[PDB]
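Chemist: Sending over a structure as structure tokens; questions will come in a sec.
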Amino acid sequence: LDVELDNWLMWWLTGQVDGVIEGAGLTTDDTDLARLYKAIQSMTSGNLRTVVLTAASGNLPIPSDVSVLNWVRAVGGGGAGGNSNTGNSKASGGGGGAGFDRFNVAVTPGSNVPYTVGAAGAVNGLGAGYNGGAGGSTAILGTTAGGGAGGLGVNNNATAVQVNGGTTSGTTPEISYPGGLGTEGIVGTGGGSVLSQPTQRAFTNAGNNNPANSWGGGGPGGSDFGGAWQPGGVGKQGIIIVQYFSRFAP
Amino acid sequence: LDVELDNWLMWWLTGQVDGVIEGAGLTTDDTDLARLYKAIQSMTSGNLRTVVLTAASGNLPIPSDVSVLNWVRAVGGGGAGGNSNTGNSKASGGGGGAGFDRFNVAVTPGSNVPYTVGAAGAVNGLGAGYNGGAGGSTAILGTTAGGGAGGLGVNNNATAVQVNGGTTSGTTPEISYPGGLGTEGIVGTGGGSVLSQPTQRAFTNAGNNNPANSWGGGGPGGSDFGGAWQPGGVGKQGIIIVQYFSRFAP
Amino acid sequence: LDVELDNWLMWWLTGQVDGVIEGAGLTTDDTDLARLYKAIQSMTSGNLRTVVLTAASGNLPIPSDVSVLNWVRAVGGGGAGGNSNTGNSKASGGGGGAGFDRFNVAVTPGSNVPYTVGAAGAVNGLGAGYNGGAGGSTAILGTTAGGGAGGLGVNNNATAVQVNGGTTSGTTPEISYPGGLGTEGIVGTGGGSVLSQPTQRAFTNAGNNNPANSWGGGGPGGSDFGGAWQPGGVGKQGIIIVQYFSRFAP
Amino acid sequence: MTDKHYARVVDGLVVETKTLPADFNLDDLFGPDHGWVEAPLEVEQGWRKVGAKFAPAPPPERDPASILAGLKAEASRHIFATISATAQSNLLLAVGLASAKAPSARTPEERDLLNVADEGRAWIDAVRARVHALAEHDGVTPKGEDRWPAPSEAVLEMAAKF
Amino acid sequence: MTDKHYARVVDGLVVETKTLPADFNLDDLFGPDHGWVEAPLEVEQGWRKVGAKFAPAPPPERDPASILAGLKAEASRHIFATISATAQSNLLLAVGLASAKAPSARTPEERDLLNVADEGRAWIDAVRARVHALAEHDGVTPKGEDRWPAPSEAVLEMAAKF
Amino acid sequence: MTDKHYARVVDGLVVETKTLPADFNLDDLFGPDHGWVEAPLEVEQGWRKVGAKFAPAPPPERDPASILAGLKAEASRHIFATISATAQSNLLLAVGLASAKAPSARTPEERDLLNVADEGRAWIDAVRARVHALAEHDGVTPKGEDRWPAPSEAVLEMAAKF
């Protein structure tokens, strides 16, 4: 054993061990002797920063120490329901947005590929018998959950036909949930999504217009009883959920 | 290099390295040379103790080594549906309970803030045309998922009105799932929750009363056909799901 | 202190510290001084290999280093809906498949217990009024999510009866999602599942037969209007989702 | 030690009741604003909140208009139940075209069915009048077979033939 | 090596079949209690389990009451399809008002429509009788145009006017 | 820096529009094939793609058959709304049984009912004719009370009594 070799070995050991301590952002105390099991609780249980993105377009700031995102879940926008004229036929509810989730996706430190969430389908309630708007698509890291299609305008005594829900495109996610398709109209319920549930139409003569419960849901379409003119519920925009381990604040 | 300085340094290193070994509860073997890669497989993949709480009120025992709870998911109770009289109109199904889930929530070692799960809405089946009870709310760590409201009793030839689902209050969770609202009654389907699916009414003359499938669901409400007296299905209570890393038994 | 005692101590220290380096599959660089925080990112956030199984029967190859599977989620197959004759009554949609998910399940290195996913219930559309097939059950590690029962065939002016959804059997999962039961038929919607949503019937005279949206869903059952002969949508097969930490490729 | 019986008052109305040990902290569990207040054990779900008093649920409103609507709807589909729509059309066409010819030239069965329709109209009118004259009694015994008297043999005969 | 064909028998009924390699352990895969038993390849879904034997699915029950119900329902909505409800009401009011006056004073169109309604009721009665007398034939050819004979030109004319 | 206005064209139809900063890479965000193309800010959802041009949405097709169907259906359920099905049956039975006897032997109330039915059918026929002769006007004022003229006091009297 060389006089310098063992010194180099112990220096390497002491530089290896502590790098974890500030790896998760802790002081190199020489008395505690545990240090959160060497920052291990903080690096596995703690530091699990979760970010919810709802802006229509923006750049996610990835911290320097982050190299892999895990459990990126996204949901496309939802489509509004169709309007109902002053007749008897029901309106077709808009289809809910699709969604996907991925795991262990790799991201370089620095700025992120810009997320874009899908805006909710606005109600085309400016006139009777108008098909509602279609919700926008949600795209991130080359994977897109397309927004659900809108409802369908309905004339007298002719109920509309069902509309397609969302889909998934781009790099294939490990798991994808196609969005609930909007219904033909007699049931009229709007389609659900990953984070939402199929909402039903509300029978009223004032156009109460119950929207979809949560993100990605589709409007339940309009209805007409006793001269009612309910335009149909509005959809809900999609969100992006990401999780990563980092000592920095989210 | 002092004669005692290097001795202290190696003592610190050898007391640092093993603290992980019993940190996850393993023997300090000096022959294995791996020791679960420093107990890492054991306290990252293993030790993931999951606890499901269903008691109406109790104190969750937090193990001493636990300092951070991750993925606390809670669902409020569901509400039963209204009864149906011996007429022709339809009862309104009860609304499903809301829910939420949180990540990286901090908890001091010792006892926990008492969880209280929401009891399922009992059926107000004492007679015809009575609205069912509303499910209880589920509260933990300052966050509450309110129970879905009960159904509405129905008279002859006048279908009931839809009822609101649950909501979320307290400290804002990262992801909140508003409960599926109960329907006005012609569809009559009960509201769903995070863990439940929207259940539909069962047409029978004996009152089979299919309840909500799983936790947080809402009863599908009663119905009448051929002189039937279906009271409407009962709701389902909510549960609390928590996960944490600990070498101790759950 | 013995002359060989400290040498043995430092040898043990260096062995313990560098075992982790190839624990995540990395070279023992003497210049990095961090080794990706001892590769603990790649050992907790990285190496999170996710496997989706859809084959009807096969052996999951468990890598040597894997000893603990976490978050094994399975969904049983869905049942197709019943056909509709050229009368006036409605068919009953098939019941959705159940599902479950477990955490921290222990698996020995080597081969795995053969997963078997449930094939989707084929449509018994060879004739009118015939009940659809029932989807298969999904079994793994002693836990089974039974497939949802099929729909019911319908004759003239007599709507069918609802069918039970899937269940869960074997070793009790700590979270289980009973499948959405197929409906009696006027609504006719097929039951949903963990990853699917309740899909509705589509009014058409061409038998477009909209199937369940995603895995575990049940067919929305046949329909009949204006002499139509819609047999009812087909169910969707179930999948198994597993996750584990391993330096090897999935 | 005792257990408090809290109730969540919303708009002066109780929507949910719980029973928790008194050592808990409502703020630390339900969050900053909860609406939970201590209530006596007698308090149930769906109770009025007048002042610092827990009033019981008010009795349901008695609507005579609802009584009449239920009475009529109960007797509304009954005419289509005893005699189907297709049977109704058959009887109406038969009686109308039978009346289209002179009574002298009418066949004996035509007179028979005309008479049968006469007692059928009498029975229907009597049932309707009795159903109108029931709001003051609120559908109590005499009710049912008394609200709906047994139709004559001619009624069942015409129901069977068409 | 061969593949065992297992079936999950519930209450003597096969509800699901699988084909798995024989080296598997059913208990170690499906849990403690499963209900899976070895079955011959000919066994299909929906089969009786009579003792140690897989009987084929029993044939569906033949209900004459169901036959009559279907025959009537098929000819039930047909009257409203050929002649709408509004057209039915129009013709009924027209014939009732035409019969309200003496046959001598009736306008020529009034007797024309009276005769047309006469053939209409004759056609309707014939169709109803033929439909009723079909359970012994179970709706086989002669069927359709023979079950529902072509209405006369008067029928289409009265459909056209109202 | 300016924001591009992209649109996702499917089958020559714009189904979704977005506004994103120009520095983005559409391929690296939406995957290999996306269908997003640059469009002018005037482009809205639901627009044609003809050549290298975003044509505006074509106007909805005007169908005279749809106009007639809506006109008839609007006046279809109105007869069942002003006079219920059971009230219609009551009036039809009354007129049929009244016409079954000689006008000389008819009771004064029977004659009154016959007259009331006369003006009732006159009003119904007038309403039907006016509704039919409205496609050239597309249901514009004179409309409503002019499409559906006020029924006489006899109409409301027979509606109330039966």
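Don't worry about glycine lacking a Cβ; one is built from the backbone with ideal geometry, like all the others, and counts go over all protein chains shown. The values are calculated or read from the model by the stated rules, or taken from the named source; nothing here is a laboratory result.
Chemist: Can you tell me which residue in the range C:33-42 is farthest from A:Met10 (Cα to Cα), limited to those that are within 10 Å of chain A (Cβ to nearest Cβ) and of a type outside the set (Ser, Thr, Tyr)?
Modeler: Only one residue tops the list, namely C:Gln41.
Chemist: Collect the residues in the range B:144-170 that are polar (S, T, N, Q), over 11 Å from B:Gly79 (Cα atoms) and more than 17 Å from the chain's Cα centre (by Cα), keeping them in residue-number order.
Modeler: Selection gives B:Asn155, B:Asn156, B:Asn157, B:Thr159, B:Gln162.
Chemist: Could you tell me which of the residues A:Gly133, A:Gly118, A:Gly125 is over 25 Å from A:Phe103 (Cβ atoms) and facing chain F (nearest Cβ under 9 Å)?
Modeler: Checking each option against the conditions leaves just A:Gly133.
Here's the yes/no breakdown for (1) under 17 Å from C:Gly216 (Cα atoms); (2) of a type in the set (A, V, I, L, M, F, W, C):
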{"residue": "C:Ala98", "(1), (2)": "yes, yes"}
{"residue": "C:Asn104", "(1), (2)": "no, no"}
{"residue": "C:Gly125", "(1), (2)": "no, no"}
{"residue": "C:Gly129", "(1), (2)": "no, no"}
{"residue": "C:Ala134", "(1), (2)": "yes, yes"}
{"residue": "C:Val154", "(1), (2)": "no, yes"}
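Chemist: Being over 22 Å from A:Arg102 (Cα atoms), within 8 Å of another protein chain (Cβ to nearest Cβ) and assigned to a loop (DSSP other than H, G, I, E, B) is the filter here; which residues of the range A:136-159 pass it?
Modeler: Residues satisfying the conditions are A:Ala149, A:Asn156, A:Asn157, A:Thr159.
Chemist: Looking at the range F:136-158, which of the residues that are in a helix (DSSP H, G or I) and touching a residue at least 24 places away in the same chain (Cβ under 8 Å) is surrounded by the fewest Cβ atoms within 10 Å (Cβ to Cβ)?
Modeler: So the residue we want is F:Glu157.
Chemist: Within the range A:68-99, count every residue that is within 14 Å of chain C (Cβ to nearest Cβ) and not in a loop (DSSP other than H, G, I, E, B).
Modeler: Here the count works out to 9.
Chemist: If you don't mind, there's one more thing I want to ask. Out of curiosity, is B:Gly146 buried (at least 24 other Cβ atoms within 10 Å of the Cβ) and either under 27 Å from B:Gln200 (Cβ atoms) or outside the structural domain of B:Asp224 (by TED's automatic domain parsing) (or both)?
Modeler: In short, yes.
Chemist: Here is a list: B:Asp65, B:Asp30, B:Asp18, B:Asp6. Which entry is without any contact (Cβ under 8 Å) to a residue 24 or more places away in the chain, in a loop (DSSP other than H, G, I, E, B), at the interface with another protein chain (Cβ under 9 Å from one of its Cβ atoms) and surrounded by fewer than 21 Cβ atoms within 10 Å (Cβ to Cβ)?
Modeler: B:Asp30
Chemist: Any idea how many residues of the range B:49-61 are among the small types (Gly, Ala, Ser) and assigned to a strand (DSSP E or B)?
Modeler: The total comes to 1.
Chemist: Just the residues that are touching a residue at least 12 places away in the same chain (Cβ under 8 Å), surrounded by fewer than 21 Cβ atoms within 10 Å (Cβ to Cβ) and either within 8 Å of another protein chain (Cβ to nearest Cβ) or closer than 12 Å to E:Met158 by Cα (or both), please, taken from the range E:99-125.
Modeler: E:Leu114, E:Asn115, E:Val116, E:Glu119
Chemist: With respect to the numbered conditions (1) within 24 Å of A:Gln243 (Cβ to Cβ); (2) part of a helix (DSSP H, G or I), which one is the sole condition not fulfilled by A:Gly46?
Modeler: (2)
Chemist: Looking at D:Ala73, D:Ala87, which one is among the small types (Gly, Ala, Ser) and more than 25 Å from E:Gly120 (Cα to Cα)?
Modeler: Just a single option satisfies the conditions, and that option is D:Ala73.
Chemist: Can I ask one more? How many residues are surrounded by 16 or more Cβ atoms within 10 Å (Cβ to Cβ), within 12 Å of chain C (Cβ to nearest Cβ) and either touching a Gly at 6+ places or on another chain (Cβ under 8 Å) or among the hydroxyl-bearing types (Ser, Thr, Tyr) (or both) if we restrict to the range E:1-18?
Modeler: 7
Chemist: Which residue, of D:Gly70, D:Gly96, D:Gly144, is out of contact with any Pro (no Cβ under 8 Å at 6 or more places or on another chain) and more than 25 Å from B:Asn85 (Cβ to Cβ)?
Modeler: Testing whether each residue is out of contact with any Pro (no Cβ under 8 Å at 6 or more places or on another chain) and more than 25 Å from B:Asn85 (Cβ to Cβ) leaves just D:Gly96.
Chemist: Let me ask you something else. Of the residues that make up the range C:160-167, is at least one part of a strand (DSSP E or B) and within 25 Å of E:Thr19 (Cα to Cα)?
Modeler: no
Chemist: Which residues, counting only those in the range B:220-250, are within 30 Å of B:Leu26 (Cβ to Cβ) and of a type in the set (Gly, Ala, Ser)?
Modeler: Within the range B:220-250, B:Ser246, B:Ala249 meet the criteria.
Chemist: On to the next question. For residues in the range B:160-175 being crowded, with 20+ Cβ neighbours inside 10 Å, more than 12 Å from chain D (Cβ to nearest Cβ) and in contact with a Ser or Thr (Cβ under 6 Å, 6 or more places away or on another chain), which is nearest to A:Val51 (Cα to Cα)?
Modeler: The selected residue is B:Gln162.
Chemist: Among the listed residues B:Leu53, B:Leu13, identify the single one that is hydrophobic (A, V, I, L, M, F, W, C), within 30 Å of D:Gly46 (Cβ to Cβ) and within 12 Å of chain C (Cβ to nearest Cβ).
Modeler: B:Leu53
Chemist: While we're here: For the range C:2-59, give me each residue that is among the hydrophobic types (A, V, I, L, M, F, W, C) and out of contact with any helix residue (DSSP H, G or I) (no Cβ under 7 Å at 6 or more places or on another chain).
Modeler: The answer is C:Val3, C:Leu5, C:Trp8, C:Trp11, C:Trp12, C:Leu48, C:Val51, C:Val52, C:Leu53, C:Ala55, C:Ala56.
Chemist: Which pairs do you get when a residue that is of a type in the set (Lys, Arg), found in the range A:91-103, comes within reach of a residue that is part of a loop (DSSP other than H, G, I, E, B), reach meaning Cβ atoms under 9 angstrom, with the pair 6+ apart or on two chains?
Modeler: Between residues of the range A:91-103 that are of a type in the set (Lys, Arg) and residues that are part of a loop (DSSP other than H, G, I, E, B), the close pairs are A:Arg102/A:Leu141; A:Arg102/A:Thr171; A:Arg102/A:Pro173; A:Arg102/A:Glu174.
Chemist: Okay, moving on. Is it the case that some residue within the range F:19-39 is surrounded by 13 or more Cβ atoms within 10 Å (Cβ to Cβ), closer than 30 Å to A:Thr159 by Cβ and touching a residue at least 24 places away in the same chain (Cβ under 8 Å)?
Modeler: no
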